[PDB]
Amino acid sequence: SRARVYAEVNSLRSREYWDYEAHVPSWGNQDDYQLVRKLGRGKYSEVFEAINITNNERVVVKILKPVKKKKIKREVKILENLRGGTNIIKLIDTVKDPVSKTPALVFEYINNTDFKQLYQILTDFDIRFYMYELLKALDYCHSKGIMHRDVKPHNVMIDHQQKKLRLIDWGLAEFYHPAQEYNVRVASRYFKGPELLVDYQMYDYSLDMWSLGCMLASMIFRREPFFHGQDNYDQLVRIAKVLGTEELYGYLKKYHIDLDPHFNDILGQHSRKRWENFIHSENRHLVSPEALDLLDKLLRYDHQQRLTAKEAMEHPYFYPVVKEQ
């Protein structure tokens, strides 16, 4: 219904801060960048490793499919507002081809290790450390009035040699305003919070905390993704088989949420499972009472009862990380 933290923060700032449709970027010259290799492609972008020929810096250039002017302004304005944020990918420049005017965003380079390889070799401390660092990015963006809305392993770049983490891909991110109805077609299937799956539009920063919880679960249990739905309906079934169906119905009742009747054929009845049920010999060294307590406080149906990024960062699970830092 309303965020527990940072709820009014955008209303307390100048309208210019959040009125991205009115934002006028300064578009530099893309000819300063030499594209070296394609790193990947999205629905509305392609990403390249590049060199800034004026200073020989290695960077990443994200070329935007320019038919989305408002969405471009949104991502640019969000990145500008987040500049300097802890563990948020640094926007170095906003550029256009000086002839075609196709826009592109220039980011700091991170030599990331692919999450499928990485998650197989993480230690207990590593998970604590990387989760803490990711939480710093989420607390920062939430404090800046912004929901990421696409938290997932692919958007969390980790250089495991230098121990650097960056939260990337702000193209689905949005400004939080109390009582605003948001599009539920955000996030990757496996990371969608139950609010999205039940078409509850008055969500908030806590959506990102569900997604973070899914990442935590996948890391400590070594099941990636943790909730592996085959479609958006089955995704909720996978969640309910862990969190329970009675607990789902209590959430829906609290918020007066209408459940699409296609769920009637597929949800079944499921008891809440104990998190200890996911422990076995291959993951036992990554699981502790602290880890399970934290996870249990993240992967809750009720978005208002999930820990905030700060509350999570504050949990005993991270004490070993704080003591080292």
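Superpose the two forms; the largest set of C-alphas matching within 1.5 Å is the rigid core. Numbers follow the displayed sequence, beginning with 1.
- Of the two stretches examined, 277-285 and 35-43, the one with higher mean CA deviation in 9 other deposited structures of this protein after a rigid core fit is 35-43.
- In 9 other deposited structures of this protein, superposed by the rigid core, the C-alpha atoms of 114-122 lie farther from the shown form than the other of 220-228 and 114-122.
- The PDB entry reports B-factors from which the mean C-alpha value can be compared for 87-95 and 214-222; the larger average falls on 87-95.
- Mean CA B-factor, 119-127 versus 155-163: the higher value falls on 119-127.
- Across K62, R58, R300, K69, the greatest Cα temperature factor reported in the deposited entry is at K69.
- Going by the entry's values, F263 shows the largest Cα B-factor out of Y33, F263, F278, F48.
- Sorting the modelled residues of the chain by their CA temperature factor places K73 in the middle third.
- In the deposited entry, the Cα temperature factor of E174 places it in the lowest third of its chain's modelled residues.
- In the PDB entry, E108 places in the middle third of its chain by CA B-factor.
- When the modelled residues of the chain are ordered by C-alpha B-factor, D231 sits in the highest third.
- Ranked within its chain, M313 lands in the lowest third, by CA B factor from the PDB record.
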